[PDB]
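[1] I would like the atomic coordinates for the input below:
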Amino acid sequence: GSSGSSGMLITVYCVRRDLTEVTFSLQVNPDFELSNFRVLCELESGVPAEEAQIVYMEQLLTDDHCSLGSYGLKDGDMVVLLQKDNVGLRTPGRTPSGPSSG
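    Numbers count the residues shown, from 1 in each chain. The relevant structure is shown in the block below.
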């Protein structure tokens, strides 16, 4: 089919992952939103973009709106993936309203 033309290698390094730690590479563009890079790492590693972190330059990237090229990502760069906890596994919380009548 087709491949593309321009792109940059982005190495990801998972840590926590609930005891797993995985290391894989990805091929994206410099004009690719961070969120996009997450969905990818979320497709490879599996970590949820929501609970998917991206560390670069020693500083944690806290912007999904920002892009890769913007931050300063080039072909042959490496990043660390940190998995958070937001599965909220504490009883099935879900109930409608109803003050009157009890």
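[2] hang on, residue 49 packs against residue 34?
    No - using Cβ atoms under 8 Å, residue 49 is not in contact with residue 34, being 9.5 Å away. For every residue, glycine as well, the C-beta is placed using N, CA and C.
[3] tell me which of these two has more neighbours.
    residue 34 (22 against 16; other Cβ atoms under 10 Å).
[4] any idea how far residue 102 is from the more buried one?
    48 Å (Cβ to Cβ, to the nearest Å).
[5] likewise residue 77?
    Remark: distance between residue 77 and residue 102 (Cβ to Cβ) = 59 Å.
[6] and the two? Which one has more around it.
    Shown here are residue 77 and residue 102; by other Cβ under 10 Å, residue 77 has more neighbours (15 against 4).
[7] just the buried residues of the longest helix belonging to the chain, please?
    In the chain, taking DSSP state H as the definition, the longest helix is helix 34-44. Buried positions in helix 34-44, judged by neighbour count with 16 or more other Cβ atoms under 10 Å: 34-38, 40-42.
[8] using CSV, write out every CA atom in it.
    C-alpha atoms of helix 34-44 as CSV (Å, rounded to 0.1, in the frame of the first residue of the first chain):
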residue,chain,number,x,y,z
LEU,A,34,0.9,14.6,21.8
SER,A,35,-2.5,13.0,22.3
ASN,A,36,-1.9,11.2,19.0
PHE,A,37,1.4,9.9,20.2
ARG,A,38,-0.5,8.6,23.3
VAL,A,39,-3.1,6.7,21.3
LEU,A,40,-0.2,5.0,19.6
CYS,A,41,1.6,4.1,22.8
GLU,A,42,-1.8,3.1,24.0
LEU,A,43,-2.2,0.8,21.1
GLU,A,44,1.3,-0.7,21.5
